[PDB]
Amino acid sequence: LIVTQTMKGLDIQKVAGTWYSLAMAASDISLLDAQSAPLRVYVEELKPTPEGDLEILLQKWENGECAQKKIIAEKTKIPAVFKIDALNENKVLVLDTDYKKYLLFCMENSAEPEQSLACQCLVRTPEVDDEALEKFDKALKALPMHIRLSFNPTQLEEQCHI
Ligand SMILES: CCCCCCCCCCCCCCCCCCC(=O)O
């Protein structure tokens, strides 16, 4: 609920398939600065269940190499918001998507201390999409980000964007 842009009328079935993590931003540099930083995750695929939960396939660098990870995001009463559960119960919020080209999401830790908030611009192809990046940057202008990364088409085709 730090982020107050939410996709009205989200049809979670339609975000299925392959995505590319074109850009990332976080409120804390340490969340994204190294290959093995904790929210440096490269989205591969979204797999919505029939009950409306969301299976997530991603990569993450750990122990000197690019590892595949599977993650379950459970639905809530709000169609745009999901919970990772696991250790801290992180919420994931879909800000905006048009399903066939881009999707903007943010995630926050359900409490703090020092605020942890990270967002991504996903796109459907290995292409720099200026319009989506522009919407991403607009979405974030009033959020307190201190690190922003983006990736070139070559990196997007490589595991962990190396
Ligand atoms: C509805 C659109 C939603 C798309 C965006 C997905 C959001 C990704 C959130 C990723 C945070 C989790 C941090 C990485 C944990 C590694 C995994 C450890 C393991 O299970 O072995």
Side-chain angles (χ1 to χ4, degrees), residues 1-3 5-112 114-125 129 132-133 135-136 139-140 143 145 147 149-151 156 159-161:
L1 302 315
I2 292 152
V3 184
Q5 317 161 50
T6 78
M7 172 78 188
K8 276 195 201 171
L10 175 60
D11 183 340
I12 196 59
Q13 292 304 315
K14 289 164 70 184
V15 309
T18 64
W19 291 95
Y20 291 76
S21 295
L22 176 59
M24 318 178 174
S27 49
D28 191 304
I29 286 165
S30 68
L31 296 175
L32 285 178
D33 58 1
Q35 292 161 288
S36 61
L39 291 189
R40 199 96 156 254
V41 290
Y42 309 96
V43 174
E44 186 177 297
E45 212 180 316
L46 301 193
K47 293 185 172 177
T49 74
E51 298 99 332
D53 296 310
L54 186 69
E55 195 181 315
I56 304 164
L57 271 84
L58 59 88
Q59 296 128 48
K60 161 151 196 50
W61 199 270
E62 55 181 44
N63 268 112
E65 78 183 2
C66 191
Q68 326 289 306
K69 301 280 197 178
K70 183 195 294 186
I71 271 286
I72 308 281
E74 318 200 299
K75 74 182 159 180
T76 68
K77 293 197 246 274
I78 304 166
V81 174
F82 293 80
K83 292 188 69 42
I84 298 312
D85 262 36
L87 190 31
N88 343 327
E89 295 148 68
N90 281 37
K91 296 181 176 296
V92 175
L93 180 270
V94 179
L95 274 74
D96 186 30
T97 181
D98 70 2
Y99 305 112
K100 59 161 227 315
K101 276 160 62 95
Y102 75 91
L103 183 145
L104 309 185
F105 79 89
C106 295
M107 186 186 21
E108 59 191 56
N109 181 300
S110 64
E112 43 261 308
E114 296 93 281
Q115 193 48 64
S116 85
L117 174 73
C119 311
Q120 294 203 355
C121 188
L122 305 183
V123 298
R124 288 296 207 171
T125 64
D129 175 350
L133 280 184
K135 289 182 163 178
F136 188 56
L140 269 42
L143 303 185
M145 303 308 216
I147 180 151
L149 308 174
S150 55
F151 300 93
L156 290 178
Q159 309 211 59
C160 289
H161 296 197

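Start at 1 and go down the list; that is how both ligands and their atoms are numbered. What's counted below: heavy atoms across the whole structure, side chains too, no hydrogens, waters or symmetry copies. Throughout, residue positions are numbered sequentially from 1 according to the sequence presented.
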Handout entry: salt bridge (charged side-chain N to carboxylate O under 4.0 Å, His left out) partners for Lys8, two or more places apart
Key =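 Listed in chain order: nothing, the list is empty.
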
Handout entry: Listed partners of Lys75 passing salt bridge (charged side-chain N to carboxylate O under 4.0 Å, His left out), at least two apart
Key =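 Salt bridge (charged side-chain N to carboxylate O under 4.0 Å, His left out) check on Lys75 returns nothing, list empty.
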
Handout entry: Test applied, side chain to side chain donor-acceptor pair (under 3.5 Å); reference residue, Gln59; option that passes from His161, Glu44, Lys69
Key =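 Exactly one pass, corresponding to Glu44.
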
Report all N/O contacts between ligand 1 and the protein shorter than 3.5 Å as a table of atom names and distances to 0.1 Å; if there are none, say 'none'.
from, atom 1, to, atom 2, distance (Å)
ligand 1, 21 (O), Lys69, NZ, 3.3

Handout entry: Main-chain N/O of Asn90 paired with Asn88 side-chain donor or acceptor, under 3.5 Å
Key =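 It does not hold such a pair.
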
Handout entry: Results of side chain to side chain contact (heavy atoms under 4.5 Å, CB included) for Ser116 - residues two or more places apart only
Key =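 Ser116 satisfies side chain to side chain contact (heavy atoms under 4.5 Å, CB included) with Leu31, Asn109, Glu112 only.
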
Practice task
Indicate yes or no: at least one non-hydrogen side-chain atom of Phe151 is less than 4.5 angstrom from one of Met24.
Solution key: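 Yes. Closest side-chain heavy atoms under 4.5 Å.
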
